[PDB]
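Novice: Before the rest arrives, take these chains from my complex:
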Amino acid sequence: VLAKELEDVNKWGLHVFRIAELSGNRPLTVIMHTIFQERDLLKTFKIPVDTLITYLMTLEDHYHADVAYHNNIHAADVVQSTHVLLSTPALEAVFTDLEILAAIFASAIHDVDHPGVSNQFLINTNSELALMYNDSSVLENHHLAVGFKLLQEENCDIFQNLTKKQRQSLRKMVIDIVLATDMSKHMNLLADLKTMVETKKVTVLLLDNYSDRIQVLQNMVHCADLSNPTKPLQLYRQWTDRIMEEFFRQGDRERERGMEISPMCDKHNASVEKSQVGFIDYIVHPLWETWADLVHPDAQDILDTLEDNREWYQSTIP
């Protein structure tokens, strides 16, 4: 039953696809609602639960059901992954309840209205989105704008009972977190994380200034965004299938328009498995090794699964 699967809401590797099916393609709504109850967020911020559900449904509706990866299931997955990373013991008592709400809300909206093509595609096709956003974090700026504008629909302002200062602080943190999910910022984000681990102070990690605390929240949601290869293989393999479909559909549009095919987007010359191994070796493992170092060692189980999954994918390559 849907209720039984949700008991694992606090566990890495929740059966996200089964929850999507058992909720009638509403995992973002049911999982966000469950997170808000587990962290006592409706009462702490006086969010009418009907307003929460109405916003959540409207937000889920603006994820595209015909986009194979960047849809409402991905959003639900990043939300729940973030939720688990927030309860890392080494980050215990680090973030305020407003910051926790910030990270979770940001996770929920961080890909809304994604068209299934990359920023570079939007720039190179002279899209309306790239013209609006001057080629800079084109998607991420749009995800934020849509995620905030939907708060203005009827009975959707889940922040109505926040103070004016709380709303302003929340809005800034959400913007800083979602802008950091732009993959063109990964290396800089990683470097900041590495610097934090070399200068790491511990009693449990002590982060005194907002600059360091938002840095952790950015890398956290970024880690959640790039957490597919750290999940149990059966979940990882479905995410791989979905991202390859989206990449191949983008490559068909690049091909039909006569554009240079983006990396991993040519269905006629792609090694799905080799790309996964390179994705892990160059992006996901460096990131999660640093995150694990930061919270040494509450992430060892995550790092272990990632390395198991990398081993398995390598073994599929003759």
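Specialist: Right, received. Where do you want to start? Numbering: from 1, shown residues only, chains lettered A, B, ... in the order given.
Novice: what's the following helix or strand after the helix or strand where residue A:278 lies?
Specialist: Secondary structure from DSSP states H and E places residue A:278 in helix A:272-279. Next in sequence after helix A:272-279, counting helices and strands by DSSP H and E, comes helix A:285-294.
Novice: Dump the C-alpha coordinates for that following helix into CSV.
Specialist: What follows is helix A:285-294, C-alpha atoms only, in CSV (Å, rounded to 0.1, in the frame of the first residue of the first chain):
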residue,chain,number,x,y,z
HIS,A,285,32.3,9.9,-6.8
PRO,A,286,34.6,13.0,-6.4
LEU,A,287,31.5,14.8,-5.1
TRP,A,288,30.2,12.1,-2.8
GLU,A,289,33.8,11.3,-1.6
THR,A,290,34.1,14.9,-0.5
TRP,A,291,30.6,15.0,1.0
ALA,A,292,31.4,11.8,2.9
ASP,A,293,34.7,13.4,4.0
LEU,A,294,32.7,16.4,5.3
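Novice: So for stretch A:145-156, what gets flagged as buried?
Specialist: A:145, A:146, A:147, A:148, A:150, A:151, A:156 (16 or more other CB atoms under 10 Å). For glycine as for every other residue, the C-beta is placed from the backbone atoms N, C-alpha and C.
Novice: In JSON lines, list these along with secondary structure and distance to residue A:130.
Specialist: Below are the buried residues of stretch A:145-156 laid out as JSON lines (DSSP: H, G, I helix; E, B strand; the rest coil; distance: CB to CB, whole Å):
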{"residue": "A:145", "secondary structure": "helix", "distance to residue A:130": "14"}
{"residue": "A:146", "secondary structure": "helix", "distance to residue A:130": "16"}
{"residue": "A:147", "secondary structure": "helix", "distance to residue A:130": "19"}
{"residue": "A:148", "secondary structure": "helix", "distance to residue A:130": "20"}
{"residue": "A:150", "secondary structure": "helix", "distance to residue A:130": "22"}
{"residue": "A:151", "secondary structure": "helix", "distance to residue A:130": "25"}
{"residue": "A:156", "secondary structure": "coil", "distance to residue A:130": "28"}
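Novice: returning to what we had before: give me the angle between the helix holding residue A:278 and helix A:285-294.
Specialist: On the basis of axes from the mean of the first three to the mean of the last three CA atoms, to 10 degrees, helix A:272-279 is oriented at 40 degrees to helix A:285-294.
Novice: buried ones in the helix or strand encompassing residue A:28?
Specialist: Using DSSP H and E, residue A:28 sits within helix A:27-38. Using 16+ other CB under 10 Å as the test for burial, helix A:27-38 gives A:27, A:28, A:29, A:30, A:31, A:32, A:33, A:34, A:35, A:36.
Novice: rewinding a little: and which of the buried residues of stretch A:145-156 is nearest residue A:270?
Specialist: Lowest distance from residue A:270 to the buried residues of stretch A:145-156 (CB to CB) belongs to residue A:146, with 30.7 Å.
Novice: State the pair within the buried residues of stretch A:145-156 that is farthest apart.
Specialist: Of all pairs drawn from the buried residues of stretch A:145-156, the greatest distance, 15.1 Å, lies between A:145 and A:156 (CB to CB).
Novice: same structure, new chain, call it chain B:
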Amino acid sequence: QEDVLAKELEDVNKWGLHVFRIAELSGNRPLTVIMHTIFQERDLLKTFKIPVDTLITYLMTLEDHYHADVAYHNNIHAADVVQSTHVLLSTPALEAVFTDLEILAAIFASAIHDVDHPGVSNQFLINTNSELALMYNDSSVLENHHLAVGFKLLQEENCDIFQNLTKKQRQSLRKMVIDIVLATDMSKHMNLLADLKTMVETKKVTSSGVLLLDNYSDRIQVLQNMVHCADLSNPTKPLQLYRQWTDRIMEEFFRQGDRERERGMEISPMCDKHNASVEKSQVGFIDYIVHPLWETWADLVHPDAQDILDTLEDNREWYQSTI
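Specialist: With chain B added, the chains above now look like this:
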């Protein structure tokens, strides 16, 4: 009359061009006629194969999208920044330094750098939960908008003045223009000025004695600060020009403050027509913003800008003498 306008446009290479008289003589088209004059002067139509009717059509559409009912951030301000940037480009310290494409980018960025400005600040737009601030996530809200509108108008009928640039030329120009206009966000001024000071302290010059700028970062930084200086050049102009710009920015500030007061908001600095000192605010503006910026630019191009800096210091003393 076109004869009188033609005479006034003979000053287009001069600091302190009568830009308000050109606005009146051109039938409120200072941006169109000054851009057209400058493109003719720099041979840009021939260099970039820009059809004259396309240039005029774009310019008129662009000028149309400045607000005629905003006292400062209007098409006269845009024409002024264009013309000032045009003079700064000709400074001896930069002779043969920038390519035709970079000159085109700086001048085009100046022309569009405030288009569709509503006459209120970024902070006002953020604080009132404006659609603009919601679109741009509170980050360089106006400046992102000026760019988006300025580029979008190139798509209107017979408006693509870059139709004959190669694809890489358009790509390069687009990025430079974005880099330059985003740097006109006043919240970037301190970091921009800090970088300019570092460049001055580490400046290299070539055999001919011009600035050596051998990488994108340095070249774009000079163009960013050039256009920023032009944008903040009002107090460096002959006093009769400067005082008109002061009258206009203050009217715009006071109208914002009226909206803030009516909304029960705290009034922004310099926006309260009942607790304002025009003269002290100009002196603080020069002392904390304009003179540190222009003194640094003058150091970068020394001694090319000494007369402009002298005028700025004279005008500062004049305003101070009225307190």
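Novice: Could you re-examine the buried residues of helix A:27-38 with chain B now present?
Specialist: Neighbour counts over helix A:27-38 (16 or more other CB atoms under 10 Å in any protein chain shown) mark A:27, A:28, A:29, A:30, A:31, A:32, A:33, A:34, A:35, A:36 as buried.
Novice: need those in JSON lines with distance to chain B, can you?
Specialist: Below are these laid out as JSON lines (distance: CB to the nearest CB, whole Å):
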{"residue": "A:27", "distance to chain B": "26"}
{"residue": "A:28", "distance to chain B": "21"}
{"residue": "A:29", "distance to chain B": "23"}
{"residue": "A:30", "distance to chain B": "28"}
{"residue": "A:31", "distance to chain B": "25"}
{"residue": "A:32", "distance to chain B": "21"}
{"residue": "A:33", "distance to chain B": "25"}
{"residue": "A:34", "distance to chain B": "28"}
{"residue": "A:35", "distance to chain B": "24"}
{"residue": "A:36", "distance to chain B": "24"}
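Novice: one step back: now the helix holding residue A:278, how far from the chain's geometric center?
Specialist: Offset of helix A:272-279 from its chain centre (CA atoms, centre = their mean, to the nearest Å): 20 Å.
Novice: contacting residues around that helix?
Specialist: Residues outside helix A:272-279 that contact it (CB atoms under 8 Å, 6 or more residues apart in numbering or on different chains) are A:229, A:240, A:244, A:264, A:310, A:313, A:314, A:316, A:317.
Novice: What of stretch A:289-306?
Specialist: Stretch A:289-306 is contacted from outside by A:12-13, A:88-91, A:190, A:193-194, A:196-197, A:200, A:205, A:216, A:219-220, A:223, A:227, A:229-232, A:280, A:284-285, A:288, using CB under 8 Å, 6+ apart.
Novice: Now that we have these, which of them are buried?
Specialist: For the contacts of stretch A:289-306, a burial check counting by 16+ other CB under 10 Å picks out A:12-13, A:88, A:90-91, A:190, A:193, A:196-197, A:205, A:216, A:219-220, A:223, A:227, A:229-231, A:280, A:284-285, A:288.
Novice: Identify the farthest-apart pair in the buried residues of helix A:27-38.
Specialist: Taking CB to CB as the measure, the buried residues of helix A:27-38 span a maximum distance of 14.4 Å, between A:27 and A:36.
Novice: Could I get the contacting residues of the closest residue to residue A:162 other than its chain neighbours?
Specialist: Once flanking residues are discounted, residue A:162 sits nearest to residue A:45: 6.1 Å by CB to CB, 6 or more residues apart in numbering or on different chains. The contact partners of residue A:45, taken as CB under 8 Å, 6+ apart, are A:97, A:101, A:159, A:161, A:162.
Novice: Including secondary structure and neighbour count, could those residues go into CSV?
Specialist: Putting those into CSV (DSSP: H, G, I helix; E, B strand; the rest coil; neighbours: other CB atoms under 10 Å in any protein chain shown) gives the following:
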residue, secondary structure, neighbour count
A:97, helix, 12
A:101, helix, 24
A:159, coil, 20
A:161, coil, 12
A:162, coil, 19
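Novice: between those residues, which is nearest chain B?
Specialist: Nearest to chain B among the contacts of residue A:45 is residue A:159, at 11.8 Å by CB to the nearest CB.
Novice: pretty sure the closest one contacts residue A:152?
Specialist: No. Residue A:159 is beyond contact range of residue A:152, at 11.0 Å (criterion: CB atoms under 8 Å).
Novice: Alright, I will stop here.
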